[PDB]
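Everything on this sheet refers to the single structure shown next.
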DNA sequence: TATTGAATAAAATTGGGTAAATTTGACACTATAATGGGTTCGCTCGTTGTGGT
DNA sequence: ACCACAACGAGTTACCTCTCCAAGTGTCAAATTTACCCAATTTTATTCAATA
RNA sequence: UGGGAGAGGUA
Ligand SMILES: [Zn+2]
């Protein structure tokens, strides 16, 4: 007789994004741990609380091993002969009957283990709300900064984390304002924080262009490569199979509208739009703009270019402290050399 | 997490009103060993403890401690902001002092600041929608439209601007927003960061 | 909620629970020290919140005040010494304890031994009186002491004044037994009645 | 080749008000006749104001 | 102008132990709060060109 | 918890 499991199934039921069998597993692990700690002998009793009755029978376990320690769980092949060799070497089934009592020490350790189980079950709730949609621009309010991370939320008691290295260098987020970020690939097994969200990745700019531009949305214009100097300067690479709509004019929009939108959403980062081409030589003479081309030596084995450049455009060709050469090399994959 | 219990413990002895008191055990902690743990956790993470006690108006002397630590942080961090990095010594010390004091008053500002509570919600930021109660029957809540949910009038950053242009007169509002105000927001983010790391070190001590 | 005195004390170590018994009271003879427990009395703290954790707790166990504040009597500091006497008083209606039953049984056995020695010496004096009136009436010395003293009533003779005195001291010994068991019952109900404690 | 001041649009704030909920405080319970109260000393010595032939 | 009454205040310091110290409940007018509108008003990041 | 009386005691 148990009206209490009936309270589990209707009266003290969970939030409805959590299954009932996990709650039954939580309570069965709770009573198993409670009878485990209470017995003075080192018995790893695992009790099978059957679902429909509520009451149960305490089950001290036994695994088929040939070791010398743990006699309370040490059964052998000749003990598996009692069930005549119909099992496996090492599974922890039982062949015993025990009883159960209650105590306030059992109550408090059961409270500890059930708040651990509902904690990891809520963690699995955030796991399935992550795995329902893989990679998108999201918005949450920052609520508690830290030394190495910025904790976030997505509503419904979810949490996300901006780490230190994947944010803007000009970040200033007082707790209480809404920020934009992209969850990319989080750890569903992480016991602490899981949802790793960035603000200074190429995935950020391409997802921002995806939500911004409808022809990125429906695959008319496509972006192939990207380049980032976070907060200051950027480059992305555009090719297009369609011949109707102007690609660069489309992604700059009406008087630099889309570029200024991503620039103010990114923090003043000068995203410099440039074409993507398939062939290496003509791709890179398209790609180092606004620098000028004298002669190009294309190298295959160590994946580099050699660029002759006339005098006058060296500063805007290299950027500031080698910014443009570095950004163009991690754009194209070919690191650049200086030639006059 | 851990820190606000110590702010409960900084009060005087309050009278109890219940039946049989005095558990007389070490169930949670005493009231003196929490202060001893605050002392043990002061050699590291003293910024956040000073800022927390100055924010919650318990031990109203470490407001100056938090302003001094913020001034030291601004002196260490001022070499990345173009508006402040070109000024001379005592003038840069005085602008760092005035924006440190205003940044700390902006961090301190909650619904208990005199003259800062919302007019309608009285700080709760949660009013009752009468139409949803009339159609649903039950009682509902909504966001207080005047305060927009936060429950208090926020501190405008232009107060520090008005208090610095009595000293730097040739600094207008666009360059204030362009190369001065990020330092101010860096100061308030540093206040929140130091309070979080002090709560973390407190929980590491009293564990 | 009403408090209770039981050995079940939350969040304390089992070293301090060795000095207590299974009923929540310290053993007679245990050398206690400062900061030790003598009697385990817990207090209901109060519900005041409805979280799923405490809802599952009160579902799985039924300890409907599962937050309890341990307010046991502890010995004050700097004080030591053994335990030489434990007295447990109870009010009416409440069933007391196993330990209070044991103290009650010990007091009952002691009072019954005292009343048994009282009855032994009183029947000794009464049988000395019937021996005195028997030797005043007739001369019977060997035939009275060759037979046991408790069966000094079935011996008789011709009906006379001494036979009337023999039967009247027989019924006086019977009503002595009557008031003896009445004293027993009064002592038993006096040590079994609940105490007139404070409200 | 940047950076900065005038202008600016959008959002947050603020003082005032205002119609409509809603809380506050007060009441309310009824007939034979009945008609002026129970405290305080052996408990020394200096000062100071208040009232008195 | 020059004397007998009430009342205040004072009486060391610190420490120790003990005992003892009914019932909402319905109703009614007036005052008060409260959720909302809104015009003004301030704030703050963004733009244009003009120097740097 | 922690307040007030009364009683006795120590220097
Ligand atoms: Zn409000």
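Chains as they are written, first to last, in PDB author numbering: chain N, 1 to 340; chain Q, 1 to 207; chain C, 846 to 1044.
Using N, Cα and C, we set each Cβ at its ideal position, and we do this for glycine too.
Asked, Found
"Contact under 8 Å by Cβ, residue 69/Q with residue 116/Q", "no"
"Closer than 7 Å at the beta carbon, the chain N residues around residue 904/C", "4, 7, 8 and 12"
"Any chain Q beta carbon closer than 8 Å to residue 935/C", "no"
"Between the CA atoms of residue 110/Q and residue 257/N - distance to the nearest angstrom", "38 Å"
"Heavy atom of ligand 1 within 7 Å of residue 109/Q beta-carbon", "no"
"Check: residue 125/Q C-beta below 7 Å from any heavy atom of ligand 1", "yes"
"Whole-Å CB distance - residue 148/Q paired with residue 129/Q, under 8 Å assumed", "With a Cβ gap of about 15 Å, residue 148/Q and residue 129/Q do not count as contacting."
"Beta-carbon proximity of residue 41/Q to residue 202/Q, cut-off 8 Å", "yes"
"The segment 850-860 of chain C in contact with the segment 184-195 of chain Q per 3-pair CB rule at 8 Å", "no"
"Coil, strand or helix - residue 335/N by DSSP", "strand"
"Alpha carbon of residue 997/C to alpha carbon of residue 986/C, nearest angstrom", "12 Å"
"CB contact check: residue 127/Q to chain C, cutoff 8 Å", "no"
"Contact list for residue 20/Q against chain C, beta-carbon separation under 8 Å", "848, 888 and 916"
"Residue 115/Q: CB within 7 Å of a non-hydrogen atom of ligand 1", "no"
"Of the residues 162/Q, 60/Q and 188/Q, the one placed nearest residue 176/Q, counting alpha carbons only", "162/Q"
"Reference residue 995/C; option with closest CA among 900/C, 1019/C and 1010/C", "1019/C"
"Residues of the segment 6-37 of chain Q whose Cβ lies closer than 7 Å to any Cβ of chain C, in chain order", "20, 22, 23, 24, 25 and 27"
"Nearest-angstrom Cα separation, counted from residue 194/N out to residue 170/N", "25 Å"
"Status (buried if at least 16 other CB within 10 Å, exposed otherwise) for residue 135/Q", "exposed"
"C-alpha distance - residue 208/Q paired with residue 71/Q, whole-angstrom precision", "Since the first residue shown for chain Q is 1 and the last is 207, residue 208/Q is missing from the structure and cannot be characterised."
"At least 3 beta-carbon pairs within less than 8 Å: the segment 270-289 of chain N vs the segment 230-241 of chain N", "yes"
"Backbone secondary structure at residue 305/N - three-state DSSP", "strand"
"Cβ shell of residue 291/N (< 6 Å), same chain only, five flanking positions each side left out", "313 and 317"
"Uninterrupted alpha helix (DSSP H) stretches inside the segment 86-158 of chain Q (no shorter than 4 residues)", "89-108 and 130-136"
"Given residue 17/N as reference, the closest of 177/N, 196/N and 156/N once Cα atoms are compared", "156/N"
"Delimiting residues of the beta strand (DSSP E) encompassing residue 345/N", "As shown, chain N starts at 1 and ends at 340. That puts residue 345/N outside it, with no answer to give."
"Chain C contacts from the segment 86-117 of chain N (Cβ-Cβ distance under 9 Å)", "102, 103, 104, 105, 106, 107, 108, 110, 111, 114 and 115"
"Contact the segment 257-266 of chain N vs the segment 302-309 of chain N: 3+ CB pairs below 8 Å", "no"
"Own chain partners of residue 875/C with C-beta closer than 6 Å, once the 5 adjacent residues on each side are dropped", "864 and 928"
"Assumed close pair residue 60/N, residue 92/N - CB separation to whole angstroms, cut-off 8 Å", "Between residue 92/N and residue 60/N the Cβ distance is about 10 Å, and since that is not below 8 Å, they are no contact."
"Through-space distance from residue 98/N to residue 66/N, alpha-carbon basis", "25 Å"
"Test item: CB-CB of residue 173/N and residue 142/N under 8 Å", "yes"
"Heavy atom of ligand 1 within 7 Å of residue 120/Q beta-carbon", "yes"
"Contact with chain C by residue 27/N, beta-carbon distance below 8 Å", "yes"
"CB contact check: residue 182/Q to chain N, cutoff 8 Å", "yes"
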